[PDB]
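**Student:** Once you've seen the sequence and the experimental structure below, I've got questions.
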Amino acid sequence: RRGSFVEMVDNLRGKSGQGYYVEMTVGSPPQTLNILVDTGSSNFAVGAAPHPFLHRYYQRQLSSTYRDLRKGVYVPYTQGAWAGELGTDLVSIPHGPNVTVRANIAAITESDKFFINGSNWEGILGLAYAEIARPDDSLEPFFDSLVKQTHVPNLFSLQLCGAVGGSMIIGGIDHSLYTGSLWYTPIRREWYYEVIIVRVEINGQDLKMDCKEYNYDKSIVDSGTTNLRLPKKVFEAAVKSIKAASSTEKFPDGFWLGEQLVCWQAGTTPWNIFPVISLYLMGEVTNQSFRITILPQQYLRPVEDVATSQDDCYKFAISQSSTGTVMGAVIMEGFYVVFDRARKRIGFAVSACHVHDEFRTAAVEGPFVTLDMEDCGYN
Ligand SMILES: C[C@@H](NC(=O)c1cc(C(=O)OC[C@@](N)(CO)Cc2ccccc2)cc(N(C)S(C)(=O)=O)c1)c1ccc(F)cc1
């Protein structure tokens, strides 16, 4: 009910749908930058040269504590890619833990389709494990450095408030950020924050697919990915069920593919015609699962208005993927997500800031009985 972590509350911002970032100050004297909170990768990288989309950048020559690692780094993602030089410097998070650590920093000097115009962030904070760090797992991720050099508990939690702001509690959990109970799912393996989905429902209706399909390849949590990305087959079955569940109004095919937008007169969006979506996650006890349920307010994202007009345009934010399921902002904006690294688990609870209406709310409920959940994972 109280909050010893109060100063970290509301420490995140976003330029409405383009990424949640936190201020991080690197080097000496201080150089503060807006850094994208990303749980889908493991490199701490900051723009280090002028870019059209960058208002400011890291200037290594002005930092007396900067140390060159004399090694380059290249990082390509599903979307965008960048190249930089590796080094280390002192790093603190003003509205984060009260510590300063010497961390690895990749100075971004060149990039393609990575930075986002108007997003207001100039770097990325990869919060995932060393296994997926580039060039290799010997480049210690920022959080690993934090835990090794300080006594900050090995845990962080995220509250991404959609519509843009939120909180990144480092080293603990803050009760004012969620309601109800926290339900935990095992981190299957320490590389990406991999989890296991055992069941999927649309408006309470089971999609009825072997659970292996839901995590075909893998299922991860990535705060730096906009949508709820699903394996091809799952996406197709999900779209058909959602269409059938919202038949009171027809939409062009391109809407479901994210290629077309639909706009309603300001404040008229018929949220009620769209179904809620539930993902069941492996629990912490044998044959026990729990489910998280999002509303259309989460998977139907607002598109930067033409100029504050009377037209609310939306994009269907559930898309397909060829690299497994990716639970992005669409999922996270409905909940307070606890990345309990110490106990190799991720917790979910209803967010105190998720967008909902007077009829429905996002939810986290359990427990449920689910057999053979172990088989759901891809080997
Ligand atoms: C910041 C931005 N991310 C993207 O716009 C993005 C990134 C990646 C992606 O591949 O990201 C990989 C990465 N997250 C791994 O860590 C790195 C990354 C971060 C920022 C920009 C590009 C790539 C995939 C996709 N998709 C293909 S999508 C349309 O969502 O299906 C979108 C974003 C995140 C949270 C929000 F609330 C709104 C906007």
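**Tutor:** Sure thing, it's come through. Numbering: from 1, shown residues only.

**Student:** Mind giving me the packing neighbours of whichever helix in the chain runs longest?
**Tutor:** Longest helix in the chain, counting residues (DSSP state H): helix 232-245. The contact analysis (3 or more CB pairs under 8 Å, 6 or more residues apart in numbering; DSSP states H and E) places helix 232-245 against strand 197-202, helix 211-214, helix 253-256, strand 318-321. Any C-beta I mention is one placed from the backbone N, CA and C, and that applies to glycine too.

**Student:** Buried residues, the third one. List them.
**Tutor:** For helix 253-256, burial by neighbour count (16 or more other CB atoms under 10 Å) applies to 255, 256.

**Student:** the strands in the stretch 151-300 of the chain, which residues?
**Tutor:** For the stretch 151-300 of the chain, the strands defined by DSSP state E, counting those that start in this stretch cover 156-161, 165-170, 178-186, 197-202, 205-206, 219-221, 228-231, 262-265, 277-282, 288-294, 300-302.

**Student:** roughly how far is the shortest one from the heart of the chain?
**Tutor:** By that I understand strand 205-206. On the basis of CA atoms, centre = their mean, to the nearest Å, strand 205-206 sits 26 Å off its chain's mean C-alpha point.

**Student:** which one of the helices and strands packed on helix 232-245 is the most hemmed in?
**Tutor:** strand 197-202 (a mean of 22; mean count of other CB atoms under 10 Å).

**Student:** How about the most centrally placed residue in the chain: what's its closest non-neighbour residue?
**Tutor:** Most central in the chain under CA atoms, centre = their mean is residue 223, positioned 1.0 Å from the mean C-alpha point. The shortest distance from residue 223 to any non-neighbouring residue, by CB to CB, 6 or more residues apart in numbering, is to residue 39 (4.7 Å).

**Student:** coming back round to it: quick check: phi and psi at the residue nearest to the centre of the chain.
**Tutor:** phi -70, psi -10 (degrees, to the nearest 10).

**Student:** can you redo the helices and strands packed on helix 232-245 as CSV with distance to residue 336?
**Tutor:** Output for the helices and strands packed on helix 232-245, formatted as CSV (distance: least, CB to CB, whole Å):
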stretch, distance to residue 336
strand 197-202, 19
helix 211-214, 23
helix 253-256, 29
strand 318-321, 22
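
**Student:** was I right about residue 283 contacting residue 291?
**Tutor:** No. Look at residue 283 against residue 291 with CB atoms under 8 Å: they stay out of range, at 10.1 Å.

**Student:** Need the residues touching each of these two.
**Tutor:** residue 366 (CB atoms under 8 Å, 6 or more residues apart in numbering).

**Student:** List the contacts of the residue lying closest to residue 294 once chain neighbours are set aside.
**Tutor:** Closest residue in space to residue 294, ignoring its immediate chain neighbours: residue 334 at 4.5 Å, by CB to CB, 6+ apart. Neighbouring residues of residue 334 by CB under 8 Å, 6+ apart: 292, 293, 294, 295, 298, 350, 351, 354, 362.

**Student:** excluding its backbone neighbours, what's nearest the fifth one?
**Tutor:** Using CB to CB, 6+ apart and skipping residues adjacent in sequence, the residue nearest residue 298 is residue 334, 4.8 Å away.

**Student:** roughly how far apart are the one you found and residue 211?
**Tutor:** Distance, residue 334 to residue 211, using CB to CB, to the nearest Å: 22 Å.

**Student:** Give me the neighbour count for the residue nearest to residue 223.
**Tutor:** 26 (other CB atoms under 10 Å).

**Student:** With respect to the ligand, which of the helices and strands packed on helix 232-245 lies nearest?
**Tutor:** strand 318-321 (4.5 Å; CB to the nearest ligand atom).

**Student:** Residue 122 contacts residue 56, doesn't it?
**Tutor:** Yes. Using CB under 8 Å, residue 122 makes contact with residue 56 at a distance of 6.2 Å.

**Student:** Many thanks, have a good one.
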